[PDB]
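The file final_11.pdb contains PDB, C-alpha atoms and all ligand atoms:
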```pdb
ATOM      1  CA  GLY D   1     -23.297   4.370 -22.586  1.00  0.00           C
ATOM      2  CA  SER D   2     -25.705   7.306 -22.541  1.00  0.00           C
ATOM      3  CA  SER D   3     -29.332   7.168 -21.403  1.00  0.00           C
ATOM      4  CA  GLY D   4     -28.565   3.591 -20.409  1.00  0.00           C
ATOM      5  CA  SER D   5     -25.783   3.345 -17.837  1.00  0.00           C
ATOM      6  CA  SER D   6     -24.775   6.026 -15.335  1.00  0.00           C
ATOM      7  CA  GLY D   7     -22.632   5.833 -12.213  1.00  0.00           C
ATOM      8  CA  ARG D   8     -21.229   2.379 -12.929  1.00  0.00           C
ATOM      9  CA  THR D   9     -18.211   3.744 -14.798  1.00  0.00           C
ATOM     10  CA  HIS D  10     -17.974   7.540 -14.721  1.00  0.00           C
ATOM     11  CA  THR D  11     -15.468   9.629 -12.765  1.00  0.00           C
ATOM     12  CA  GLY D  12     -16.889  13.071 -12.050  1.00  0.00           C
ATOM     13  CA  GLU D  13     -14.813  15.574 -10.093  1.00  0.00           C
ATOM     14  CA  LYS D  14     -16.860  15.824  -6.895  1.00  0.00           C
ATOM     15  CA  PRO D  15     -18.508  19.251  -7.332  1.00  0.00           C
ATOM     16  CA  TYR D  16     -19.566  19.342  -3.680  1.00  0.00           C
ATOM     17  CA  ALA D  17     -16.520  20.443  -1.687  1.00  0.00           C
ATOM     18  CA  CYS D  18     -16.977  20.952   2.054  1.00  0.00           C
ATOM     19  CA  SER D  19     -15.943  24.386   3.326  1.00  0.00           C
ATOM     20  CA  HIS D  20     -15.092  23.363   6.889  1.00  0.00           C
ATOM     21  CA  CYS D  21     -12.641  20.719   5.674  1.00  0.00           C
ATOM     22  CA  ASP D  22     -10.863  19.748   2.455  1.00  0.00           C
ATOM     23  CA  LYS D  23     -13.306  16.964   1.586  1.00  0.00           C
ATOM     24  CA  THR D  24     -15.370  16.453  -1.568  1.00  0.00           C
ATOM     25  CA  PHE D  25     -18.431  14.428  -2.565  1.00  0.00           C
ATOM     26  CA  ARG D  26     -20.431  13.568  -5.684  1.00  0.00           C
ATOM     27  CA  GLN D  27     -23.950  14.097  -4.339  1.00  0.00           C
ATOM     28  CA  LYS D  28     -24.847  16.848  -1.870  1.00  0.00           C
ATOM     29  CA  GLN D  29     -26.435  14.267   0.430  1.00  0.00           C
ATOM     30  CA  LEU D  30     -22.920  12.938   1.022  1.00  0.00           C
ATOM     31  CA  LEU D  31     -21.501  16.361   1.882  1.00  0.00           C
ATOM     32  CA  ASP D  32     -24.658  16.953   3.919  1.00  0.00           C
ATOM     33  CA  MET D  33     -24.359  13.858   6.109  1.00  0.00           C
ATOM     34  CA  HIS D  34     -20.568  14.143   6.275  1.00  0.00           C
ATOM     35  CA  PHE D  35     -20.771  17.454   8.138  1.00  0.00           C
ATOM     36  CA  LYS D  36     -23.516  16.442  10.570  1.00  0.00           C
ATOM     37  CA  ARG D  37     -21.471  13.266  11.017  1.00  0.00           C
ATOM     38  CA  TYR D  38     -17.858  14.371  11.448  1.00  0.00           C
ATOM     39  CA  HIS D  39     -18.215  18.048  12.359  1.00  0.00           C
ATOM     40  CA  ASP D  40     -21.063  16.793  14.546  1.00  0.00           C
ATOM     41  CA  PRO D  41     -21.145  13.556  16.586  1.00  0.00           C
ATOM     42  CA  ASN D  42     -24.936  13.747  16.335  1.00  0.00           C
ATOM     43  CA  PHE D  43     -25.402  12.043  12.965  1.00  0.00           C
ATOM     44  CA  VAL D  44     -24.356   8.391  13.162  1.00  0.00           C
ATOM     45  CA  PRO D  45     -24.410   5.938  10.226  1.00  0.00           C
ATOM     46  CA  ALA D  46     -26.095   2.608  10.959  1.00  0.00           C
ATOM     47  CA  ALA D  47     -23.576  -0.157  10.273  1.00  0.00           C
ATOM     48  CA  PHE D  48     -24.831  -3.695  10.883  1.00  0.00           C
ATOM     49  CA  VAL D  49     -23.142  -6.671   9.219  1.00  0.00           C
ATOM     50  CA  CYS D  50     -24.850 -10.067   9.141  1.00  0.00           C
ATOM     51  CA  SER D  51     -23.375 -13.047  10.990  1.00  0.00           C
ATOM     52  CA  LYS D  52     -24.676 -15.962   8.921  1.00  0.00           C
ATOM     53  CA  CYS D  53     -23.197 -14.813   5.610  1.00  0.00           C
ATOM     54  CA  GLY D  54     -21.546 -11.461   6.251  1.00  0.00           C
ATOM     55  CA  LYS D  55     -23.684  -8.978   4.334  1.00  0.00           C
ATOM     56  CA  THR D  56     -24.161  -5.272   5.048  1.00  0.00           C
ATOM     57  CA  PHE D  57     -27.260  -3.575   6.455  1.00  0.00           C
ATOM     58  CA  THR D  58     -27.968   0.083   7.221  1.00  0.00           C
ATOM     59  CA  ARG D  59     -30.666  -0.892   9.717  1.00  0.00           C
ATOM     60  CA  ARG D  60     -30.366  -2.820  12.982  1.00  0.00           C
ATOM     61  CA  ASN D  61     -33.935  -4.117  12.748  1.00  0.00           C
ATOM     62  CA  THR D  62     -33.889  -4.923   9.031  1.00  0.00           C
ATOM     63  CA  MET D  63     -30.634  -6.853   9.404  1.00  0.00           C
ATOM     64  CA  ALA D  64     -31.955  -8.882  12.336  1.00  0.00           C
ATOM     65  CA  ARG D  65     -34.952  -9.877  10.216  1.00  0.00           C
ATOM     66  CA  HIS D  66     -32.747 -10.901   7.290  1.00  0.00           C
ATOM     67  CA  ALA D  67     -30.629 -13.133   9.526  1.00  0.00           C
ATOM     68  CA  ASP D  68     -33.749 -15.204  10.197  1.00  0.00           C
ATOM     69  CA  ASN D  69     -34.499 -15.738   6.507  1.00  0.00           C
ATOM     70  CA  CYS D  70     -30.753 -15.763   5.851  1.00  0.00           C
ATOM     71  CA  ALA D  71     -29.346 -19.118   4.740  1.00  0.00           C
ATOM     72  CA  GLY D  72     -25.664 -18.233   4.553  1.00  0.00           C
ATOM     73  CA  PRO D  73     -22.801 -17.024   2.334  1.00  0.00           C
ATOM     74  CA  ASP D  74     -23.388 -19.785  -0.214  1.00  0.00           C
ATOM     75  CA  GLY D  75     -20.018 -18.857  -1.683  1.00  0.00           C
ATOM     76  CA  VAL D  76     -16.742 -17.005  -1.182  1.00  0.00           C
ATOM     77  CA  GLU D  77     -16.882 -13.241  -1.710  1.00  0.00           C
ATOM     78  CA  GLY D  78     -15.828  -9.985  -0.077  1.00  0.00           C
ATOM     79  CA  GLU D  79     -12.529  -9.193  -1.779  1.00  0.00           C
ATOM     80  CA  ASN D  80     -11.950  -6.117  -3.942  1.00  0.00           C
ATOM     81  CA  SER D  81      -9.490  -3.257  -4.433  1.00  0.00           C
ATOM     82  CA  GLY D  82      -8.893  -0.467  -6.930  1.00  0.00           C
ATOM     83  CA  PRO D  83      -5.608   1.383  -6.307  1.00  0.00           C
ATOM     84  CA  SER D  84      -5.780   4.453  -8.547  1.00  0.00           C
ATOM     85  CA  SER D  85      -5.370   8.235  -8.530  1.00  0.00           C
ATOM     86  CA  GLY D  86      -8.421   9.523 -10.377  1.00  0.00           C
TER      87      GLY D  86
HETATM   88 ZN    ZN D 101     -16.316  18.795   6.209  1.00  0.00          ZN
HETATM   89 ZN    ZN D 102     -26.901 -12.997   6.085  1.00  0.00          ZN
END
```

Can you dump the structure from the file as structure tokens?
Amino acid sequence: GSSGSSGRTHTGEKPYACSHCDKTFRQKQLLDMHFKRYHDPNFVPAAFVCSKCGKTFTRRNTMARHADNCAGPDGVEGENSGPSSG
């Protein structure tokens, strides 16, 4: 699955390993926001879940807008789990 599918199914030993703690991440961005987040209460991830269906939104405003045009869950989803080592 080269030059066609990447990320979907590919386990890559997180090259970015935080120095302050024993945490690792795939993309720097992750290890960049993790520090300013944990090591610093300044950075705060926007977590807003809908109420009509139950979707996820990384923006208070955006979400609110969606709710308006949101019809509902129109189904039963929200169940997954992958117990593995890596
Ligand atoms: Zn860290
Ligand atoms: Zn919704």

Margin query: One number please: atom CA of residue 74 of chain D to atom CA of residue 8 of chain D, in Å, one decimal.
Written below: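 According to the coordinates, atom CA of residue 74 of chain D and atom CA of residue 8 of chain D are separated by 25.6 Å.
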
Notebook entry, point to check: If you measure from atom CA of residue 37 of chain D to atom CA of residue 22 of chain D, what distance in Å do you get, rounded to one decimal?
Noted result: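 Interatomic distance here is 15.1 Å.
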
Margin query: Report, in Å with one decimal, the straight-line distance from atom CA of residue 59 of chain D to atom CA of residue 42 of chain D.
Written below: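 Distance reported for this atom pair: 17.1 Å.
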
Check: Hey, which residues come within 6 Å of ligand ZN 102 (chain D) if we count all atoms listed in the file? Could you give them as a list in words?
Finding: residues 50, 52, 53, 54, 55, 67, 70 and 72 of chain D

Residues from the last selection, C-alpha atoms, saved as a tab-separated table (two decimals), in the coordinates of the input:
```
chain	number	residue	atom	x	y	z
D	50	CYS	CA	-24.85	-10.07	9.14
D	52	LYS	CA	-24.68	-15.96	8.92
D	53	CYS	CA	-23.20	-14.81	5.61
D	54	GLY	CA	-21.55	-11.46	6.25
D	55	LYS	CA	-23.68	-8.98	4.33
D	67	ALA	CA	-30.63	-13.13	9.53
D	70	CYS	CA	-30.75	-15.76	5.85
D	72	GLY	CA	-25.66	-18.23	4.55
```

Next item on the list: Could you give me the residues within 8 Å of ligand ZN 101 (chain D), counting all atoms listed in the file, as a ChimeraX atom specification?
Entry: /D:18-23,31,34-35,38-39

Those residues with C-alpha atoms, as a PDB file, in the coordinates of the input please?
```pdb
ATOM      1  CA  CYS D  18     -16.977  20.952   2.054  1.00  0.00           C
ATOM      2  CA  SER D  19     -15.943  24.386   3.326  1.00  0.00           C
ATOM      3  CA  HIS D  20     -15.092  23.363   6.889  1.00  0.00           C
ATOM      4  CA  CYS D  21     -12.641  20.719   5.674  1.00  0.00           C
ATOM      5  CA  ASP D  22     -10.863  19.748   2.455  1.00  0.00           C
ATOM      6  CA  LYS D  23     -13.306  16.964   1.586  1.00  0.00           C
ATOM      7  CA  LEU D  31     -21.501  16.361   1.882  1.00  0.00           C
ATOM      8  CA  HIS D  34     -20.568  14.143   6.275  1.00  0.00           C
ATOM      9  CA  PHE D  35     -20.771  17.454   8.138  1.00  0.00           C
ATOM     10  CA  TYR D  38     -17.858  14.371  11.448  1.00  0.00           C
ATOM     11  CA  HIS D  39     -18.215  18.048  12.359  1.00  0.00           C
TER      12      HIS D  39
END
```

Next item on the list: Return the single residue from D:49, D:79, D:12, D:2 that is closest to residue 66 of chain D, with distances computed using all atoms listed in the file.
Entry: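 Of D:49, D:79, D:12, D:2, the one nearest residue 66 of chain D is D:49, counting all atoms listed in the file.
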
Next item on the list: Between D:69, D:81, D:58, D:24, single out the one closest to residue 46 of chain D, counting only C-alpha atoms.
Entry: D:58

Run the PyMOL selection byres (((chain D and resi 86) around 12) and not hetatm) on the file and write out the hits as a tab-separated table (two decimals) with C-alpha atoms, in the coordinates of the input.
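So the final result, stored in expr03.tsv, reads:
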```
chain	number	residue	atom	x	y	z
D	10	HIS	CA	-17.97	7.54	-14.72
D	11	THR	CA	-15.47	9.63	-12.76
D	12	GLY	CA	-16.89	13.07	-12.05
D	13	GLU	CA	-14.81	15.57	-10.09
D	14	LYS	CA	-16.86	15.82	-6.90
D	82	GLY	CA	-8.89	-0.47	-6.93
D	83	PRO	CA	-5.61	1.38	-6.31
D	84	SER	CA	-5.78	4.45	-8.55
D	85	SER	CA	-5.37	8.24	-8.53
```

Item checked: Test item: which residues lie within 10 Å of (-24.5, 20.8, -0.2) counting only C-alpha atoms, as an MDAnalysis selection string -> chainID D and resid 15:19 25:33 35

Segment 28-39 of chain D rebuilt with N, CA, C and O atoms, output as a PDB file, keeping the file's coordinate frame:
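As a result, result14.pdb now contains:
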```pdb
ATOM      1  N   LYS D  28     -24.733  15.993  -3.046  1.00  0.00           N
ATOM      2  CA  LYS D  28     -24.847  16.848  -1.870  1.00  0.00           C
ATOM      3  C   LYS D  28     -25.108  16.017  -0.617  1.00  0.00           C
ATOM      4  O   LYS D  28     -24.433  16.184   0.399  1.00  0.00           O
ATOM      5  N   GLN D  29     -26.087  15.123  -0.699  1.00  0.00           N
ATOM      6  CA  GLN D  29     -26.435  14.267   0.430  1.00  0.00           C
ATOM      7  C   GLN D  29     -25.184  13.819   1.178  1.00  0.00           C
ATOM      8  O   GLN D  29     -25.138  13.858   2.409  1.00  0.00           O
ATOM      9  N   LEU D  30     -24.173  13.394   0.429  1.00  0.00           N
ATOM     10  CA  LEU D  30     -22.920  12.938   1.022  1.00  0.00           C
ATOM     11  C   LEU D  30     -22.265  14.050   1.835  1.00  0.00           C
ATOM     12  O   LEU D  30     -21.909  13.857   2.998  1.00  0.00           O
ATOM     13  N   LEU D  31     -22.111  15.216   1.215  1.00  0.00           N
ATOM     14  CA  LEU D  31     -21.501  16.361   1.882  1.00  0.00           C
ATOM     15  C   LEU D  31     -22.416  16.908   2.972  1.00  0.00           C
ATOM     16  O   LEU D  31     -21.983  17.676   3.832  1.00  0.00           O
ATOM     17  N   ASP D  32     -23.681  16.506   2.932  1.00  0.00           N
ATOM     18  CA  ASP D  32     -24.658  16.953   3.919  1.00  0.00           C
ATOM     19  C   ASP D  32     -24.590  16.094   5.178  1.00  0.00           C
ATOM     20  O   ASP D  32     -24.676  16.604   6.294  1.00  0.00           O
ATOM     21  N   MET D  33     -24.438  14.787   4.988  1.00  0.00           N
ATOM     22  CA  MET D  33     -24.359  13.858   6.109  1.00  0.00           C
ATOM     23  C   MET D  33     -22.946  13.817   6.684  1.00  0.00           C
ATOM     24  O   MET D  33     -22.752  13.498   7.857  1.00  0.00           O
ATOM     25  N   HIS D  34     -21.962  14.142   5.850  1.00  0.00           N
ATOM     26  CA  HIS D  34     -20.568  14.143   6.275  1.00  0.00           C
ATOM     27  C   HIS D  34     -20.331  15.190   7.359  1.00  0.00           C
ATOM     28  O   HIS D  34     -19.631  14.936   8.340  1.00  0.00           O
ATOM     29  N   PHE D  35     -20.920  16.368   7.176  1.00  0.00           N
ATOM     30  CA  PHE D  35     -20.771  17.454   8.138  1.00  0.00           C
ATOM     31  C   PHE D  35     -21.456  17.110   9.457  1.00  0.00           C
ATOM     32  O   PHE D  35     -20.831  17.132  10.518  1.00  0.00           O
ATOM     33  N   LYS D  36     -22.744  16.792   9.383  1.00  0.00           N
ATOM     34  CA  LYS D  36     -23.516  16.442  10.570  1.00  0.00           C
ATOM     35  C   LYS D  36     -22.980  15.166  11.210  1.00  0.00           C
ATOM     36  O   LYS D  36     -23.390  14.792  12.310  1.00  0.00           O
ATOM     37  N   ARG D  37     -22.063  14.501  10.516  1.00  0.00           N
ATOM     38  CA  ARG D  37     -21.471  13.266  11.017  1.00  0.00           C
ATOM     39  C   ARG D  37     -20.132  13.540  11.694  1.00  0.00           C
ATOM     40  O   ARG D  37     -19.961  13.281  12.885  1.00  0.00           O
ATOM     41  N   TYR D  38     -19.183  14.065  10.925  1.00  0.00           N
ATOM     42  CA  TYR D  38     -17.858  14.371  11.448  1.00  0.00           C
ATOM     43  C   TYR D  38     -17.888  15.636  12.301  1.00  0.00           C
ATOM     44  O   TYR D  38     -17.673  15.587  13.513  1.00  0.00           O
ATOM     45  N   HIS D  39     -18.156  16.769  11.660  1.00  0.00           N
ATOM     46  CA  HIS D  39     -18.215  18.048  12.359  1.00  0.00           C
ATOM     47  C   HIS D  39     -19.218  17.993  13.506  1.00  0.00           C
ATOM     48  O   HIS D  39     -19.233  18.868  14.372  1.00  0.00           O
TER      49      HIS D  39
END
```
